[PDB]
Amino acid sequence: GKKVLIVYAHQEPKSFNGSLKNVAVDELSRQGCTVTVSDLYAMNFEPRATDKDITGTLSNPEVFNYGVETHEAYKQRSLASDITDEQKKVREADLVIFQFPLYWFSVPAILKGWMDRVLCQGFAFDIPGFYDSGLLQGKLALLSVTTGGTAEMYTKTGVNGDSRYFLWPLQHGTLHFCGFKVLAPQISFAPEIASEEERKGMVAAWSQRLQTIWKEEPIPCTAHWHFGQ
């Protein structure tokens, strides 16, 4: 049996991102997987890392240290319920798919906020207690990203540089750091500029890939994979 969490960050259900999230639910549900979706915009998910993330009394109310406070709150079961609800979904998942449009070579702020607030010390990693000593080892993660720029722009000699260059903070700095095994990213280039048939083709390629997702090996999440030849 297999459980999947899809963390989805798009405002418009009729969007191309919406279509990719819906075909992932459809395909994984067809396989008999247990599927949960965190639709961040529909949840009005809080992105800001603030003292409202800890309930009750702070370890040090005079000098607020977000990392220290959330690490202690996690251990004391005093984190805000929106964070713990997401942590329960991650803890139970075997695969976490992130579905989002690329915003400034990174995730939209609402999804950056999910990463900042949900992946706290004690839950996803400890200090020390990261990368392969991370706490989400055994779990798979996958970035399903859509872009405005064409594939050609995202080549080593292209204006944007290779698409792997922007994946480093997300795949390595975040997912690998927490102990996830990183599956190859799904990059859907320039859907708004594509034809209706080309968009249908991109959606079908993602659905087809999901049919055999449990047979994939993760990428070697190294500097060489992201920046080398």
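We number the residues from 1 along the sequence you see. Basically, rigid core = biggest C-alpha set you can superpose within 1.5 Å across the two forms.
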To spell it out: superpose each other structure in 9 other deposited structures of this protein onto this one by the rigid core, compute Cα RMS over structures and residues for 193-201 and for 32-40. Which is larger? 193-201
Should one compare 126-134 and 110-118 by root mean square Cα distance from the shown form in 9 other deposited structures of this protein, core superposed, the larger belongs to 126-134
When the Cα temperature factors in the entry are averaged, is it 10-18 or 210-218 that ends up higher? 210-218
Report the stretch with the higher mean CA temperature factor, choosing between 136-144 and 154-162 on the basis of the entry. 154-162
Based on what the PDB entry reports, which of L28, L58, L167, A42 has the top C-alpha B-factor? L58
Could you say which of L175, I193, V37, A49 has its CA atom at the highest B factor, as listed in the PDB entry? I193
CA B-factor placement of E86, once the chain's modelled residues are sorted into thirds: lowest
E92: which third of its chain by C-alpha temperature factor? middle
Among the modelled residues of its chain, the C-alpha B-factor of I127 falls in the third labelled highest
Taking only the Cα B-factors deposited for this chain, tell me whether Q121 sits in the lowest, middle or highest third. middle
Would you mind checking where the Cα B-factor of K2 ranks among the modelled residues of its chain, as the lowest, middle or highest third? middle
